[PDB]
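Structure record follows, encoded as structure tokens.
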Amino acid sequence: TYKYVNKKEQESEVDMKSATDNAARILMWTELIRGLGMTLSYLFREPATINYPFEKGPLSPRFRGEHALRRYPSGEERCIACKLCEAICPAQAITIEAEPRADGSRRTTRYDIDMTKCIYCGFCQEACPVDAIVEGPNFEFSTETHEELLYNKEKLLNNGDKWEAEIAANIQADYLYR
Amino acid sequence: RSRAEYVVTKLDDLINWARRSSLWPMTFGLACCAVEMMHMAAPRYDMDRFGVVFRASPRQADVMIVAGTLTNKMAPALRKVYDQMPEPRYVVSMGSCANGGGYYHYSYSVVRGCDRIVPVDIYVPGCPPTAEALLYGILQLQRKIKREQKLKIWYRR
Amino acid sequence: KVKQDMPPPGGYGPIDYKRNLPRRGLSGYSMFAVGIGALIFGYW
Amino acid sequence: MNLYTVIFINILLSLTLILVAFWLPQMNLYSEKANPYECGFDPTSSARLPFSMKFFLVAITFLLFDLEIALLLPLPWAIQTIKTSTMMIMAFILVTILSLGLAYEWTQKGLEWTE
Amino acid sequence: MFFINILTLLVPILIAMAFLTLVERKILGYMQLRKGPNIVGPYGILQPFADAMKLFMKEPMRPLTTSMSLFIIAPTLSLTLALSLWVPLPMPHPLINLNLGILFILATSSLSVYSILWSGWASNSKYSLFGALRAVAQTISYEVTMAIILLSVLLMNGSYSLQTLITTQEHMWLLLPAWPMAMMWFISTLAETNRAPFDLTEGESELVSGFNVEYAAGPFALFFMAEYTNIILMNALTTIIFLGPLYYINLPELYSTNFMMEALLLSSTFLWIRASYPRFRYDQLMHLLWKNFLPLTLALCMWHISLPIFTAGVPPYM
Ligand SMILES: CCCCCCCCCCCCO[C@@H]1O[C@H](CO)[C@@H](O[C@H]2O[C@H](CO)[C@@H](O)[C@H](O)[C@H]2O)[C@H](O)[C@H]1O
Ligand SMILES: CCCCCCCCCCCCO[C@@H]1O[C@H](CO)[C@@H](O[C@H]2O[C@H](CO)[C@@H](O)[C@H](O)[C@H]2O)[C@H](O)[C@H]1O
Ligand code: SF4
Ligand code: SF4
Ligand code: SF4
């Protein structure tokens, strides 16, 4: 099914009434007045502006923000250096090295995320089998240098220790959809 | 310190405040990151309420917001319009592409970070950064300008 | 039991989508009559 | 004297702002900054080459119509005349022929811009 | 004392101009569901001063292809002429009382176009030349009818003296007998001030910035100061010609208060119009003026020659 957007060409004769209405519309700018009415009506509407940074835009638990590395409730790292996140990373933003820890544990010695390569796609956190790497809720981490956005393992673990309380609560809210 | 140093310091504050309060970015956007820049100008965030107004002429602009991917074919043109901004001028790198090449870092046709072409004051991460994340970076540029000490340094020369 | 995001039972209320611009304003005669009356009065 | 005084002050104020604007700011002159703007690419020619005027006929018609209004601007003094009928006919004829001139140029497509 | 009077005209007019930049940005904002400036000062009332201080602390352009004398002269001429247009304005008593004050306005306003023409030419860049040639077309469009519109109105005034318009309207707005000319006059002042929907000499979507594209810093500010001063001037002129503020010989300040209110309102409709309409094409502005306004303006000039004769309503010479 289709409709015409501009086929109103049922040409008809013109009375004095309609000719005068057409004349009034041209000479008195009536449709231009309707435009002013619309902008006037917005003048008296409450604006949609929020008072950033005292107010914030709404977000959801799924929001993909700054990365972090998480722990188990004991403090043990969750990451076991499987490299699934590194393999899937569409930007090759992740670089990992690992070796047996002093207690024999399978753990990383390098876990880097180039935040200026990363596309914030969340594929790493889907691929992680142990919920180790996550994108947290933080989006306010702009820096004054490029180098500050090349995160190493210490930075990423500090983000985890910094943001776990909110990260844990967001995972509790969404994990049944995953 | 002295009363001449105090007066110089208060003048630094005044000129700094003026440039903080009237930052005019160039109408300049490269790719998807520019869409979020539009959303910072849109009513919810209304950048104009902070004093931020786009002007199309580089001669009338203070900030360049590199909002998107910078290709090799585009690089000379971006350098040209940066050079044609009168000073003092600032650069905000917005998004992974501008920050360091992002998803296209390994391409034959892409500049791996606009900071190979122009100096950068603020790096805003994200792909794209949200309109709010960009606004945060703009407010971080303002605080950077608040820290400028050009008149104090002139006095001590 | 399974809990998903579903429409309410019975569906949602109907949604307007067709163009709706009001018809408003005076006839052509009334506008010209008011405008010509202002002129004649001013001339006087 | 008063009109001279205020206009000089107006000139004086404008020139002072120009001097402040050119001597207060820090400068940094280099060639790429001062080259002409053209959206980030270099111009391919001078801006001093001929720029075609498609409304050139309207432009020289405007010269004649501007002397027609010069003939109309004495009308406030002319309506004070005892010879009201003569003045009225002269003004009516003047406006009518100017209308006929505009009507002719309109029907000759003289107000259409050239392509 | 005459020097004090110059200050009490120029300084308040320059502050009124500065705050019109604020009012425009807030009125446009609210019509766009935004707020506009509300941080730099209370409710944004220091935002104009910040923009002014920023511009004059900025490096001013010295482009290489530029012919420098006209480049400097044009913005200087712009602000001079904008301020000069105010000296004969009777509010209700003018600073300078001119016998042909209306003709002074036309001549001064007509010289104002040369600041646009010379700046665009002197800059010696393509987008600035485009803006200059649009100014040529703009003046050809509206100047053809603006003086005839004024002519017809002043056949009820009886002179070119601005102060006489106050007496002419002692019992009635000139709007009432002249509303068709008032409508055409109002559109002409929009074009005369290069305001939307006729903001063609700058037109930023097409020419980037048109005539002033090569201008930076304080020289750029002069063009902006001159444009916002002229908007107030042309609406104040529209107020005195068609909306005769109430005059009482023993209450002059009543005229000034009423004049300001109507002038403020007419300036607001300029900002309201900018927020509402798209831009004309600059060939379409010429056709609007020469094929619609000009026929009616000529007919109405003939009608307003005819009227005082057949009603025996010729105004006094003095
Ligand atoms: C009887 C003759 C008397 C002796 C005359 C001597 C004249 C010598 C003038 C030297 C130049 C002074 O003129 C000024 O120089 C400075 C720095 O030097 C330059 O100014 C600007 O450009 C350069 C570009 O790199 C920057 O380094 C400088 O900081 C900046 O201010 C300009 O060139 C000019 O603004
Ligand atoms: C080809 C171009 C055509 C366009 C030009 C047409 C011009 C023709 C004009 C015809 C109208 C003349 O209109 C004429 O006006 C004069 C006054 O002005 C009237 O004159 C009347 O009033 C005057 C005072 O003014 C008395 O002195 C006179 O005795 C009396 O007749 C005439 O009664 C009327 O006929
Ligand atoms: S969010 Fe995407 S691009 Fe960024 S590190 Fe994870 S998988 Fe790589
Ligand atoms: S973060 Fe997860 S996916 Fe990546 S190496 Fe560690 S355990 Fe494997
Ligand atoms: S960083 Fe992401 S959103 Fe921004 S331009 Fe590059 S791909 Fe698009």
Side-chain angles (χ1 to χ4, degrees), chain D residues 1-3 5-7 9-11 13-15 17-18 20-22 24-29 31 33-39 43 45-48 51 53-55 58-59 61-62 65-66 68-69 72-73 75-77 79-80 84-85 87-88 91-92 95-96 98-99 102-103 106 111 113, chain E residues 2-3 6 10 56-65 72 75-76 79-80 83-84 87 95-96 103 124-129 133 136-137 140 143-144 147-148 151 154-155 157-160 208 213-214 217-219 221-222 283 286-287 290-291 294-295 298 301-302 305-306 308-309 314 317:
Chain D
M1 196 74 229
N2 278 4
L3 179 55
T5 299
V6 60
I7 283 161
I9 295 299
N10 285 333
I11 288 160
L13 175 54
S14 292
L15 271 176
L17 289 179
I18 280 282
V20 167
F22 265 92
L24 188 57
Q26 181 64 224
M27 311 290 238
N28 179 26
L29 307 177
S31 179
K33 181 179 281 178
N35 285 328
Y37 164 86
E38 206 172 296
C39 303
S45 49
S46 199
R48 291 286 186 251
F51 180 90
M53 203 198 204
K54 307 306 188 184
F55 57 93
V58 185
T61 309
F62 167 81
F65 284 12
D66 214 342
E68 295 254 9
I69 72 94
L72 287 166
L73 286 163
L75 271 172
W77 293 286
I79 52 163
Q80 303 299 335
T84 291
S85 307
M87 179 270 317
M88 213 198 48
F92 282 3
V95 172
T96 305
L98 165 154
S99 308
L102 168 71
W106 187 336
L111 310 178
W113 291 19
Chain E
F2 176 70
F3 285 104
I6 289 162
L10 300 202
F56 277 93
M57 278 173 340
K58 188 115 177 136
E59 177 191 1
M61 261 322 303
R62 217 151 217 164
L64 296 175
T65 66
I72 303 307
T76 326
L79 186 64
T80 292
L83 299 162
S84 299
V87 307
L95 182 87
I96 306 297
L103 301 181
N124 197 4
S125 97
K126 286 193 177 71
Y127 284 108
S128 66
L129 184 68
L133 266 301
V136 177
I140 285 157
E143 202 136 286
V144 76
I148 300 166
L151 162 60
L154 301 166
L155 298 172
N157 198 50
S159 75
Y160 289 107
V208 192
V213 72
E214 301 291 344
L222 290 205
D283 75 304
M286 210 176 267
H287 277 180
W290 282 64
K291 315 223 287 207
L294 180 55
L298 295 165
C301 180
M302 195 138 149
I305 291 148
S306 188
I309 303 311
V314 182
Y317 163 82

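A note on names: the letters A, B, ... follow the listed sequences, proteins ahead of strands, and every chain is numbered from 1. All heavy atoms count here, side chains included; hydrogens, waters and symmetry mates do not.
When each of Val6(D), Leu24(D), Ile9(D) is checked for heavy-atom pairs under 4.5 Å with chain E, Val6(D) comes out on top. For the options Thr96(D), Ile7(D), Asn28(D), heavy-atom pairs under 4.5 Å to chain E are most numerous at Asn28(D). Of all the listed residues (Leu103(E), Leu129(E), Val213(E), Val208(E)), the one sharing the greatest number of non-hydrogen pairs under 4.5 Å with chain D is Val208(E). With chain D as partner, the option from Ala137(E), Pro295(E), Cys301(E), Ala147(E) having the largest number of non-hydrogen pairs under 4.5 angstrom is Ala137(E). If you tally non-hydrogen atom pairs under 4.5 Å between each of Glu38(D), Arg48(D), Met27(D) and chain E, the highest count goes to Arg48(D). The candidate from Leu73(D), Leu13(D), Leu98(D) with the greatest count of non-hydrogen atom pairs under 4.5 Å with chain E is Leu73(D).
To the nearest 0.5 Å, atom CG of residue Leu72(D) and atom CD1 of residue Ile305(E) are 6.5 Å apart. Here the OG1 atom belonging to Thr84(D) is positioned 4.5 Å from the CD1 atom belonging to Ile309(E), to the nearest 0.5 angstrom.
Applying the side chain to side chain donor-acceptor pair (under 3.5 Å) rule to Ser84(E) yields the partners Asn10(D); only residues at least two apart in sequence or on another chain are considered. Partners of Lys291(E) under the side chain to side chain donor-acceptor pair (under 3.5 Å) rule, at least two apart in sequence or in another chain, are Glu112(D).
Of the possible donor and acceptor atoms, one in the side chain of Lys126(E) sits under 3.5 Å from a partner among the backbone N and O of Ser45(D). Of the possible donor and acceptor atoms, none in the side chain of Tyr37(D) sits under 3.5 Å from a partner among the backbone N and O of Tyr127(E).
For chain D, the nearby part of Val87(E) is the side chain; its heavy atoms alone come within less than 4.5 Å. With a 4.5 angstrom heavy-atom cutoff, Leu155(E) touches chain D via backbone and side-chain atoms both. Using a 4.5 Å cut-off between heavy atoms, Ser31(D) contacts chain E through both its backbone and its side chain. Heavy-atom distances place no part of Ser128(E) under 4.5 Å from chain D, backbone and side chain included. Neither the backbone nor the side chain of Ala217(E) comes within contact range of chain D; no heavy atom of the residue lies under 4.5 Å from a heavy atom of that chain. The contact between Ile96(E) and chain D is made entirely by side chain atoms (from C-beta outward), counting heavy-atom distances below 4.5 Å.
Inter-residue side-chain proximity for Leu151(E) and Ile69(D) is flagged as unmet; no heavy-atom pair is nearer than 4.5 Å. The shortest side-chain heavy-atom distance between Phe2(E) and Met1(D) does not fall under the 4.5 Å cut-off. By the 4.5 Å heavy-atom criterion applied to side chains, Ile148(E) and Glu68(D) are not counted as neighbours.
Closest heavy-atom contact between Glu59(E) and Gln26(D): CB-O, 3.7 Å. Between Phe56(E) and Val20(D), the shortest heavy-atom contact is CD2-CG1, 4.5 Å. Between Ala21(D) and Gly218(E) the shortest heavy-atom distance is CB-CA, 3.7 Å. Between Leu222(E) and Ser14(D), the shortest heavy-atom contact is CD1-O, 4.1 Å.
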Please report the C-alpha distance between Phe55(D) and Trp290(E) in whole Å, then the side-chain angles of each, then the deciding distance to 0.1 Å, and finally whether the ring-ring contact (aromatic ring centres under 6.0 Å, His included) criterion is met. CA-CA 12 Å; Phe55(D) 57 93; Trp290(E) 282 64; over 10 Å; no
